[PDB]
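A structural walkthrough
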Amino acid sequence: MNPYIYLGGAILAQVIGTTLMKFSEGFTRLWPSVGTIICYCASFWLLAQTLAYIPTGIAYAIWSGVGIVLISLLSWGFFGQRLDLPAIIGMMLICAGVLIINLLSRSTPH
Amino acid sequence: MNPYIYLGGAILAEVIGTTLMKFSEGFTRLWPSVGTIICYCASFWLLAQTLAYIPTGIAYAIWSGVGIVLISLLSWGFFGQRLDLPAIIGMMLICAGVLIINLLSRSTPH
Ligand SMILES: c1ccc([P+](c2ccccc2)(c2ccccc2)c2ccccc2)cc1
C-alpha cells in the first residue's frame, strides 16, 4: 500500500464507521458490525506502523479532531449547505491539522 | 453512580491504553498488547456510561483538555520525549478548537 492512500482509507473508515454506528445504535446487523470492527482494526494498525515516525499522542489527537470535525461538517452539509462560521472555522482547523502534521513530521528526524 | 468520577476513569483508561500501545512497540510486547485492547474497550464502555449523563461535545471538550496533559506527562516520563514548537501550537489548537466549534455550532434538526 501507499501510506497516504491507506491514511485516506482510514479517514474514510472513520467517517463511515461513526455514521454507521450512529445509525445502528449498537451492533445490529452482524456483517456490518464485524466489518466495522475490522475496518477500525485496519485503521488502528496504520497508527501502530507509524508509531515512532511522528509523536503518537499529538498525532492521534490531531487525526481524531480532524476526523470528528470532518464528520460534523459532512453532517452539517447533509442538513443543509451554509457558508457559516462553524463550517468555515472547521475547514480552517482541518487545514491547520494537515499543516501541523507536516510540521510534526519534519520536526521528527526521518 | 458518580458521572464525574466515571469520566475521569474513562480518560484514565485511554491514557493508560495509549501508554500501553506505545510500550507495545509495533505489537512486539505480547502482554502489554493484550492489555491495550482491554484498556481501550474499557475506556469506550466508561465513555458509553458517561454519555447518558454528560453530552457528547461537553464530554469531548473535557476529554480534550484533561487528557492531553496526562499522556504528555507519561510521554516525557517513560518515553523520553519533549513537545516541540508545532506540537505546542497543536495542543493550543486542540484545546481552543473544541471550544470555538462547540460555541458556534448550530443545533441538530432531529
Ligand atoms: C468510542 C466511541 C465513541 C467516541 P466519540 C469520537 C469519535 C470519533 C472521533 C472523535 C470522538 C463519539 C462520537 C459520536 C457520538 C458519540 C461519541 C467521543 C470520545 C470522547 C468523548 C466524547 C465523545 C470515541 C470512541
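Heads up: the structure comes first, above all this text.
Helix and strand content of chain B: four helices and zero strands. Considered along the principal axes of its C-alpha atoms, chain B spans approximately 45 × 40 × 25 Å. Across the 110 residues of chain B, 36% fall into the buried class. By sequence separation, contacts in chain B at least 24 residues apart represent 66% of the contacts at least 6 residues apart. For chain B, the accessible area works out to roughly 6800 Å², and carbon and sulfur atoms hold 72% of it.

What follows deals with the pattern of salt bridges. Counted by the stated rule, this structure contains two salt bridges over all chains. The closest approach of N and O atoms between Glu 25 of chain B and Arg 29 of chain B, which form a salt bridge, is 2.8 Å.

Moving on to the interface of chain A and chain B. Residue-level contacts link 27 residues of chain A with 25 residues of chain B. Approximately 2300 Å² of surface area, both sides summed, lies buried where chain A meets chain B, with 81% of it carried by carbon and sulfur atoms. The largest contributions to the chain A side of the interface with chain B come from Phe 44, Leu 51 and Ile 58 of chain A, which together make up 21% of the buried area. The interface formed by chain A and chain B contains one salt bridge. The salt bridge involving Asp 84 of chain A is made with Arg 106 of chain B; its shortest N-O contact spans 2.7 Å. At the boundary of chain A and chain B, one finds two residue pairs in polar contact. Only α2 (30-49), α3 (56-79) and α4 (85-106) of chain A provide two or more residues apiece to the side of chain A that touches chain B. Sorting elements by how many residues they give to the side of chain A that touches chain B places α4 of chain A first, with ten residues. When grouped by side-chain class, the residues that make up the side of chain A that touches chain B number 20 nonpolar, six polar and one charged.

What follows is about the packing of aromatic side chains. In the structure shown here, the tally under the stated rule is six aromatic pairs over all chains. Between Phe 44 of chain A and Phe 27 of chain B, the ring centres sit 6.3 Å apart and the planes meet at 75°, which makes this aromatic pair edge-to-face. Here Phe 44 of chain A is found in helix α2, whereas its partner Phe 27 of chain B is found in the loop between α1 (3-23) and α2 (30-50) on a different chain. Overall, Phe 44 of chain A belongs to the partly exposed group, its relative accessible area being 24%. You can call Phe 27 of chain B partly exposed: its relative accessible area is 32%. Taken together, the aromatic side chains of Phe 44 and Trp 45 of chain A together with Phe 27, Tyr 40 and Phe 44 of chain B make up a single cluster linked through ring pairs. The residue whose ring lies beneath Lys 22 of chain B is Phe 79 of chain B, and the NZ or CZ to ring-centre distance is 5.2 Å. A cation sits over an aromatic face here: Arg 82 of chain B above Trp 76 of chain B, 3.8 Å from the ring centre.

Residue and element names in this part refer to chain B. You can see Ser 24 is positioned in the loop between α1 and α2. Residue classification places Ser 24 among the buried positions, given a relative accessible area of 3%. Residue contacts for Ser 24: discarding those within four places in its chain leaves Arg 29, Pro 32, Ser 33 and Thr 36.

This part takes up the nonpolar core. Within the largest apolar cluster, 19 residues are counted, with the highest numbers of intra-cluster contacts made by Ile 58 and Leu 104 of chain A together with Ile 94 of chain B. Within the residue set of this core, elements represented by two or more residues are α3 and α4 of chain A together with α4 (85-104) of chain B. Sorting elements by how many residues they give to this core places α3 of chain A first, with eight residues. For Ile 58 of chain A, the residues in contact, after removing those within four places along its chain, are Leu 104 of chain A together with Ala 87, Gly 90, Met 91 and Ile 94 of chain B.

Conventions we followed
- Residues numbered from 1 in each chain as written, not as in the entry; some residues may be left out.
- Chains lettered and ligands numbered in written order.
- Heavy atoms only, no water.
- Helix = DSSP H or I, 4+ residues; strand = E, 2+ residues; numbered from the N terminus.
- Buried < 20%, exposed > 50% of the residue type's maximum accessible area, 1.4 Å probe, protein only.
- Contact = heavy atoms within 4.5 Å.
- Areas by Shrake-Rupley, 256 points an atom, 1.4 Å probe, with all protein chains shown as cover.
- Salt bridge = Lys/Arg side-chain N within 4 Å of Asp/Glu carboxyl O.
- Buried area = accessible area lost by both parts, 1.4 Å probe.
- Polar contact = N/O pair within 3.5 Å; in protein donor to acceptor, adjacent residues only side chain to side chain.
- Nonpolar A, V, L, I, M, F, W, Y, C, P; charged D, E, K, R; others polar.
- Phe/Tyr/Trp six-rings, centres within 6.5 Å; stacked < 30°, edge-to-face > 60°.
- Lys NZ or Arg CZ within 6 Å of the ring centre and 35° of its normal.
- Core = buried A, V, L, I, M, F, W, Y, C linked by side-chain atoms within 4.5 Å.

Don't take any of this as a statement about function, it's just geometry.
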